[PDB]
Amino acid sequence: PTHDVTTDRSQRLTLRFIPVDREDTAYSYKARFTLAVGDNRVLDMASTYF
Amino acid sequence: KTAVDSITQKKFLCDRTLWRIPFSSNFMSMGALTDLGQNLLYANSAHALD
Amino acid sequence: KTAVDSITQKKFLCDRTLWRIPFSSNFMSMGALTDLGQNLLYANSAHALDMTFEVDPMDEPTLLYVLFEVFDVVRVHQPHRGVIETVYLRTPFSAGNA
Amino acid sequence: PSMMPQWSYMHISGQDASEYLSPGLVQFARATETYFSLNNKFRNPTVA
Amino acid sequence: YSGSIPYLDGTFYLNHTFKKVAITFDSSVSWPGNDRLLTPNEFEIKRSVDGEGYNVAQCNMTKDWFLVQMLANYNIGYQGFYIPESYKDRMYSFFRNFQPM
Amino acid sequence: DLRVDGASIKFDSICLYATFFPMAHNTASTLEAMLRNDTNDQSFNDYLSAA
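Residues numbered from 1 in each chain as written, not as in the entry; some residues may be left out. Chains lettered and ligands numbered in written order. Part of a larger assembly, values for the part shown. Heavy atoms only, no water.

- Per the deposited record, determination of this structure is attributed to cryo-EM, with the resolution reported as 4.0 Å.

1. Here we look at the environment of F:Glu32
Residue and element names in this part refer to chain F.
Consideration 1: Structurally, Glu32 can be placed in helix α2 (residues 25-34).
Consideration 2: For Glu32, a relative accessible area of 33% translates into the label partly exposed.
Consideration 3: Side chain to side chain, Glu32 and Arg36 meet in a polar contact 2.5 Å long. (Helix = DSSP H or I, 4+ residues; strand = E, 2+ residues; numbered from the N terminus. Buried < 20%, exposed > 50% of the residue type's maximum accessible area, 1.4 Å probe, protein only. Polar contact = N/O pair within 3.5 Å; in protein donor to acceptor, adjacent residues only side chain to side chain.)

2. Brief notes about the nonpolar core
Consideration 1: Counting residues in each nonpolar core, the largest one holds 38 residues, and the members touching the most others are E:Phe43, E:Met61, E:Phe94 and F:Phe21.
Consideration 2: Listed by contribution, the elements that provide at least two residues to this core are α2 (23-31) of chain D, α2 (63-74) of chain E together with α2 of chain F.
Consideration 3: Per-element tally for this core: the top contributor is α2(E), with seven residues.
Consideration 4: Sequence-distant contacts of E:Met61, that is, excluding residues within four places in its chain, are made with B:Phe12, B:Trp19, E:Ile45, E:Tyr54, E:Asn55, E:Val56, E:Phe94 and E:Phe98.
Consideration 5: Core analysis: the second largest hydrophobic core is formed by five residues, C:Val73, C:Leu89, D:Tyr9 and D:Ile12 among them. (Core = buried A, V, L, I, M, F, W, Y, C linked by side-chain atoms within 4.5 Å. Contact = heavy atoms within 4.5 Å.)

3. Topic: the interface of chain D and chain F
Consideration 1: Listed as interface residues are twelve residues of chain D and, on the opposing side, twelve residues of chain F.
Consideration 2: Roughly 1,100 Å² is buried in total at the junction of chain D and chain F, and carbon and sulfur atoms are behind 69% of that figure.
Consideration 3: Taken together, the links from chain D to chain F amount to two residue pairs in polar contact.
Consideration 4: Among the residues forming the side of chain D that touches chain F, the class breakdown is seven nonpolar, three polar and two charged. (Buried area = accessible area lost by both parts, 1.4 Å probe. Nonpolar A, V, L, I, M, F, W, Y, C, P; charged D, E, K, R; others polar.)

4. Looking at the arrangement of the chains
Consideration 1: Here the protein chains form 13 pairs of chains in contact, of which the pair with the most contacts is chains B and E.
Consideration 2: When C-alpha atoms are compared, chain C and chain E, though not in contact, are closest at a spacing of 19 Å.

5. Observations regarding the interface of chain B and chain E
Consideration 1: In this complex, chain B contributes 26 residues to the contact, which on the side of chain E involves 34 residues.
Consideration 2: Overall, the association of chain B and chain E removes approximately 3,300 Å² of surface from exposure, summing both partners, and the carbon and sulfur fraction of that is 60%.
Consideration 3: Contact with chain E buries area across many residues of chain B, yet B:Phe12, B:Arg16 and B:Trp19 alone supply 25% of it, more than any other trio.
Consideration 4: Inspection of the region where chain B meets chain E yields zero salt bridges.
Consideration 5: At the surface where chain B touches chain E, the tally comes to 14 residue pairs in polar contact.
Consideration 6: Residue classes in the side of chain B that touches chain E are distributed as 13 nonpolar, seven polar and six charged.
Consideration 7: Two strands pair when backbone bridges link them, and strand β1 (residues 12-13) of chain B and strand β5 (residues 99-100) of chain E are joined in this way by two bridges, in the antiparallel orientation. If you follow B:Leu13 over to β5(E), its bridge partner there is E:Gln99. (Salt bridge = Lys/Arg side-chain N within 4 Å of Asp/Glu carboxyl O. Pairing = 2+ DSSP bridges.)

6. Description of the sheet that holds strand β2 (residues 85-91) of chain C
Consideration 1: On the basis of which strands lie adjacent, the open sheet formed by three strands has the order β2(C)-β1(C)-β2(F) and antiparallel pairing. One side of each edge strand has no neighbouring strand; the edge strands of this open sheet are β2 of chain C together with β2 (42-44) of chain F. The sheet shows a mean angle of 15 degrees between the axes of neighbouring strands, direction not considered.
Consideration 2: With seven bridges joining them, strand β1 (residues 71-77) of chain C and β2(C) adopt antiparallel strand pairing. For C:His77, the partnering residue across the bridge sits in β2(C) and is C:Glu85. (Axes fitted to C-alpha atoms, helices over the stretch in contact; angles between N-to-C directions.)

7. Quick word on the packing of aromatic side chains
Describing an aromatic ring pair means giving the distance of the ring centres and the angle of the ring planes.
Consideration 1: The final tally for this structure, using the stated rule, is 18 aromatic pairs over all chains.
Consideration 2: Ring geometry for B:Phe27 against E:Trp31: centres 5.9 Å apart, planes inclined by 80 degrees, an arrangement best described as edge-to-face. Separated into two different chains, B:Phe27 in the loop between β1 and α1 (35-38) and E:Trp31 in the loop between β1 (20-21) and β2 (43-44) make up a pair that spans both. In this pair, the class of B:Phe27 matches that of E:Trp31, namely buried.
Consideration 3: On the numbers, 5.3 Å between centres and 35 degrees between planes, the contact of C:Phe68 with C:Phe93 is tilted. One end of the pair, C:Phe68, is in the segment before β1; the other, C:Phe93, is in the segment after β2, with 25 residues separating them in the sequence.
Consideration 4: Members of the aromatic cluster, connected to one another through ring pairs, are B:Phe12, B:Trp19, E:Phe43, E:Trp65, E:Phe66, E:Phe81, E:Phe94 and E:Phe98. (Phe/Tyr/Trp six-rings, centres within 6.5 Å; stacked < 30°, edge-to-face > 60°.)

8. With respect to the pairing of strand β2 (residues 21-25) of chain A
Residues and elements named next belong to chain A.
Consideration 1: Pairing analysis gives five bridges linking β2 to strand β3 (residues 28-32), with the strands arranged antiparallel. Paired with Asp24 across the two strands is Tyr29, which belongs to β3.
Consideration 2: Hairpin connection of β2 to β3: two residues between the antiparallel strands.

9. Quick look at the environment of C:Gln78
Consideration 1: Here C:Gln78 lies in the loop between β1 and β2.
Consideration 2: Overall, C:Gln78 belongs to the partly exposed group, its relative accessible area being 35%.
Consideration 3: Apart from residues no more than four positions distant in its own chain, C:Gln78 is found in contact with C:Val83, F:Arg36, F:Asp41 and F:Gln42.

10. Notes on the pattern of salt bridges
Consideration 1: Using the criterion set out here, one finds nine salt bridges over all chains in the structure.
Consideration 2: Across the salt bridge formed by A:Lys30 and A:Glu23, the nearest N and O atoms sit 2.5 Å from each other.
Consideration 3: The class for A:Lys30 is partly exposed, based on a relative accessible area of 46%.
Consideration 4: With its nearest N and O atoms 2.4 Å apart, the salt bridge here joins E:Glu44 to E:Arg47.
Consideration 5: The exposure class assigned to E:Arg47 is partly exposed, which follows from its relative accessible area of 27%.
Consideration 6: Connected through shared salt-bridge partners, E:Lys20, E:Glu44 and E:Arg47 make up one network.

In C-alpha cells, the structure reads:
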C-alpha cells in the first residue's frame, strides 16, 4: 500500500522513560513513572518491559 | 572463599546469516515492491549514494 | 537354572502435571463453559460441598493443592482522553466469598 | 450491570465480536490484518 | 586454496566484525532519516563501555539493530518479541544462529 | 539457604521502554475516535483462570 499507513513528519520509534521517584527499603523498592502517550498515536502494551 | 577480583567480557556470534536491511518506511515486509519504491520517486528524480 | 522364588511389584511415575476432573455430564470438553454449569438446579439455589482424600503416607509435613477452575474476566473502558475504567468479574467464588 | 445482565456483559455468553462491534471497526480489523493484529483483543464466547 | 568458498556455498563466518554503517543521499541527507532511531544518523551494531544503557539480550548488541533485524526477517516487533514459529524460520535465518556469550 | 552464606544483590539504575508503530495520523485518529465508543470495550481472560 503506497500511502495512508506511514507518516511523514519526524516521530520516534522507541521511547525511554526515566523514573520520577524511587524509594528504597531493605526488602523492596518502589519506582514510579509518568508515562505519556501523545495524540495521534496508539501504544500496544506488549512492547513495554523494565 | 578467596577468589580474585574479576572483570567481565561479553560478545556474540551469528555466523551463517546475511546482514540485511529493507528499503521501506517502517522496516516491515508489506509486499514485494515497497512503499518507498512505488513512490517511484514520483517516477522522476535522481541521486548518488554514499 | 538356579532361580529363586520371587514376587513382582508395579508402580508408575507421572510428574509435571495436574490431576484433572471436568465438571461435565459425561467428562468431555464440549465448550469453554460446560453444560452442567448451566443446569438449573445448580444455578437457582445453594449447596454445601464435602470432599475426602486418601493419599500415600509420608513423614514430613506437606500440603494438598486444589485449583477450582472458574471464569475470570475483565472489561476495560476508555470513554474520554486520559481516563480509564475497568470492571473485574470472577465467578463463581466471586470477590467477597471464601 | 443493570442495562445488560452479568454474563452477557463480559461476553461470557452471547454473540462473538463479529457482531457487537460498530461495523466500521470490523471493516478496519479486516483491512490491516497482515501488519497490525487485533483479533486477540476481544472474547468470542463458546458454549456447549 | 581448497576450503569451503563462502561467496559460493553460503557459509558465512565473519559477521561479528562490523562496527557500524552509515548511508547518505546526495551529500546532505540520511535514509534512515527523520528522527526515527535512537542514534538517528547511523545504525550501531556493537558498543564499548558507555553504551551499557542500550544493549539487549545480555550481550553487546544495541537495541535498535535487534529491532531492525527482527522486523525485516519476520515482521515481528511492534507487538513485543517472542520465538517465531518453526516454519517461518528456515536454516539460514537470523534466529537460528544467534548466540550470546 | 543463601541468606547465611553471603549472597548479595544490589540495584543501581532502572529505566522503562516502549515502542510505537508510526501510524499515519489520519488512520490513528480514526482508531482513537472509534475505540472510545462504549460498545467497543475491551475483554480479556487469564489462562490459568481459577482460584
